[PDB]
Amino acid sequence: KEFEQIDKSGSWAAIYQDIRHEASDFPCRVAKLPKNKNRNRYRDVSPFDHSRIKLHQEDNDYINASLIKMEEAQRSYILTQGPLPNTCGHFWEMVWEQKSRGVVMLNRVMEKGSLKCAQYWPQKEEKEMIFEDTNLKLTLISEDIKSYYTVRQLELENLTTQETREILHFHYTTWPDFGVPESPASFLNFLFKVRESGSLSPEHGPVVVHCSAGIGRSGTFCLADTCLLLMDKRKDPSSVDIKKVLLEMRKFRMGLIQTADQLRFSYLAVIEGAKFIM
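In the PDB header, X-ray crystallography is given as the technique by which the entry was determined, and 2.85 Å as its resolution.

Per the PDB entry, the protein chain goes by PROTEIN-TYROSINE PHOSPHATASE-1B and derives from Homo sapiens. Checking UniProt for the protein chain, the heading Catalytic activity contains the comment "O-phospho-L-tyrosyl-[protein] + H2O = L-tyrosyl-[protein] + phosphate". Here the protein chain is described in UniProt, under the heading Subunit (literature references left out), as follows: "Interacts with EPHA3 (phosphorylated); dephosphorylates EPHA3 and may regulate its trafficking and function. Interacts with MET. Interacts with NCK1."

Rendered as structure tokens:
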């Protein structure tokens, strides 16, 4: 209903306007520190100090990442920017330390003729990556390339202790160049694929999600997921408010969903995913 009304009245941009206005604003002192300038992909996308993920290194614990703890749904996520040439080792340190199982990439390394992220994982299993700085090794065990996404089974080994962990890499490869996806079918089907793996389950650390800044599409993933999970617990889609859930997540990281266009899509995905869920 609400979705249909906003569409009829065309008030999407307005709706999004007010959400941006209602959004929480918190400090990002650490991020802004000069010694961290090169640890950030974008000027306008920073992790709030209260929720940033700290690296377990006595050196510099900065990594542009935020933990989003959704108490009600009982689900956490770690939103992050695509790792930079100089931060792929930090990215993996974080993954290891936070005991993450899955990694969700919602972007292509190159979109619109520009490199939106680093090739932080191996492409050929016969050539593994070793992150000197964080003393971690990464190996491609397998990958399944499909029409709209690719799953990769990587193995992350802590070179310090020789411990080995199986990380799953869910790569959404079909998000449009401009605009949002014409239909939620693939996104939801991708979400579901992420869910099935146990990557989102409580028995693991929070899933690391990222696009370029890790807020637009990453935000969409998390919003669709949480709302759907909430509609399950209460089993009442009538109480699950997309806008209220979004604002709740925005207390943890800025810019989740960056265009009213995307907002409408989150409504589409949630509404469409509720069909199976309900």
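S.K.: Could you give an account of the overall build of the protein chain, naming the residues involved and the relevant values?
M.R.: Looking only at helices and strands, the protein chain has 8 helices and 10 strands in total. The globule rule puts the C-alpha radius of gyration for 278 residues at 19 Å, and the 18 Å found for the protein chain is close to it. With the C-alpha coordinates aligned to their principal axes, the bounding extent of the protein chain is approximately 55 × 40 × 40 Å. Buried positions account for 55% of the 278 residues belonging to the protein chain. Across the protein chain, every contact between residues at least 6 apart in sequence was considered, and the portion connecting residues at least 24 apart equals 63%. Averaged over its 38 positive side-chain charges, the protein chain has a centre that lies 4 Å from the centre of its 38 negative ones.

S.K.: Tell me what's going on with the UniProt feature "active site" in the protein chain, and back it up with residues and numbers.
M.R.: UniProt records the feature "active site" for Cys-211 in the present numbering. Within the element layout of this structure, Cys-211 appears in the loop between β10 (207–210) and α6 (217–233). Setting aside residues up to four positions removed in sequence, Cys-211 forms contacts with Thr-80, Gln-81, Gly-82, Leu-106, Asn-107, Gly-216, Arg-217 and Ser-218.

S.K.: Before we move on, could you go through the nonpolar core and cite the residues and values that matter?
M.R.: Within the largest apolar cluster, 58 residues are counted, with the highest numbers of intra-cluster contacts made by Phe-190 and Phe-221. Sequence-distant contacts of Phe-221, defined by excluding residues within four places in its chain, comprise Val-104, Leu-106, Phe-187, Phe-190, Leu-191, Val-194 and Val-209.

S.K.: Outline the side chain of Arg-52, supporting the account with residue identities and numerical values.
M.R.: Topologically, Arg-52 is positioned in the loop between α3 (29–32) and β1 (65–70). There is a polar contact of 3.0 Å between the side chain of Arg-52 and the side chain of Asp-61. Setting aside chain neighbours within four positions, we find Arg-52 in contact with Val-30, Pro-47, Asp-61, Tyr-62, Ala-65 and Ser-66.

S.K.: Hey, could you go over the packing of aromatic side chains for me, with residue numbers and the actual values?
M.R.: The tally for this structure, following the rule as stated, stands at 16 aromatic pairs. Ring centres of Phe-190 and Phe-221 lie 5.7 Å apart, and the angle between their planes is 55 degrees; this geometry places the pair in the tilted category. With a gap of 31 residues between them, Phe-190 in helix α5 (residues 185–196) and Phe-221 in helix α6 connect regions that are remote in the sequence. Grouping residues by exposure puts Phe-190 and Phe-221 together as buried. Grouping aromatic residues by their ring pairs yields a cluster made of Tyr-148, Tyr-149, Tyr-172, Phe-187, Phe-190, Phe-221 and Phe-265.

Reading guide: rules and limits
- Counting starts from 1 on each chain and follows the sequence as written, independent of the entry's numbering; residues without coordinates are not shown.
- Excluding hydrogens and water, the side-chain figures rest on all heavy atoms present in the structure.
- UniProt positions are given in the numbering used here, feature names are shortened, and annotations may be inferred rather than shown by experiment.
- The helix and strand labels rest on DSSP assignments: H or I over at least four residues marks a helix, E over at least two residues marks a strand, and numbering proceeds from the N terminus.
- For this measure, only C-alpha atoms enter the radius of gyration; the expected value for a globule follows 2.2 Å times N^0.38, where N is the number of residues.
- Residue burial is assigned from relative accessible area. The probe radius is 1.4 Å, only protein chains are included, and a residue is buried under 20% of its type maximum, exposed over 50%, and partly exposed in between.
- It only takes one pair of heavy atoms within 4.5 Å for two residues to be counted as in contact.
- Under this rule, positive means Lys or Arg and negative means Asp or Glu; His and the chain ends count for nothing.
- Here the site of a charge means NZ on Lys, CZ on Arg, CG on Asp, or CD on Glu.
- Grouping buried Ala, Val, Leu, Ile, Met, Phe, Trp, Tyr and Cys residues that are joined through side-chain atoms within 4.5 Å yields what is termed a nonpolar core.
- N or O atoms closer than or at 3.5 Å make up a polar contact, with two conditions inside protein: a donor-capable atom paired with an acceptor-capable one, and, for residues adjacent in sequence, both atoms drawn from side chains.
- In this scheme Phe, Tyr and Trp rings, the latter by its six-membered ring, pair at centre separations within 6.5 Å, and the angle between planes marks the pair as stacked below 30 degrees, edge-to-face above 60, and tilted otherwise.

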